[PDB]
């Protein structure tokens, strides 16, 4: 009714506050407006917690590859704008999506393995406590480096439709995500892969 109009007006509000040019915003539907809104708040919450614990553009352009952050559950918490130069997917297509949808089926299991602290994903909170308490390069930093090759869905490839990429980075705690238990208590932050994704030539 008029309520459906009230809901849609707030979605329009949200869309107009998204940090992208009007030509990108106008192409988004209501579902992406929400996805990207959530995406934006999650990233700002992370940096707020990092701020509490106390170029750039040229460095981004210098890399042969794009910056990528994947959460413990395989969510694309951040992808830099240059992702489009490698895969044809825009930053807005990818943000807060499931990483496994963009990974070749036969590599998905490996990629999942790379996200786990011991490369042993279940098919645990106590040891992450030590890793968390160790921070604020800790004792455990040598166990959390990651360098692997994976096939990534690529709209710029006309053969397999996949680009073979090397993912190089570290597992770091993704703060400020405000996950909560059934009881209501705030869950501790989980490890996410902070990496550069570069094509193997």
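Numbering follows the first chain given and starts at 1.
> For the step residue 136 to residue 137, what size class fits the number of deposited residues with no coordinates, none, 1 to 3, 4 to 9, or 10 or more?
Unresolved stretch here: 4 to 9 residues.
> As recorded in the PDB entry, how many deposited residues are without coordinates between residue 54 and residue 55: none, 1 to 3, 4 to 9, or 10 or more?
In the deposited sequence, 10 or more residues between these two have no coordinates.
> Once you work out the mean C-alpha B-factor for both 126 to 134 and 107 to 115 from the entry, which is higher?
According to the PDB entry, the answer is 126 to 134.
> Once you work out the mean C-alpha B-factor for both 166 to 174 and 58 to 66 from the entry, which is higher?
Mean B over CA atoms: larger for 58 to 66.
> Between 18, 191, 186, 11, which one tops the list for Cα B-factor in this entry?
By C-alpha B-factor in the record, 186 ranks first.
> Please place residue 146 in the lowest, middle or highest third of its chain according to the CA B-factor in the PDB entry.
Within its chain, residue 146 is a lowest-third residue by C-alpha B-factor, going by the deposited values.
> Split the chain's modelled residues into thirds by Cα B-factor; is residue 200 in the lowest, middle or highest one?
According to the entry, residue 200 has a C-alpha B-factor in the chain's highest third.
> Going by the recorded CA B-factors, say which third of the chain residue 27 sits in, lowest, middle or highest.
Its C-alpha B-factor, which the entry lists for residue 27, ranks in the highest third among residues of this chain.
> Splitting the chain's C-alpha B-factors into thirds, which one does residue 156 fall into?
Its C-alpha B-factor, which the entry lists for residue 156, ranks in the middle third among residues of this chain.
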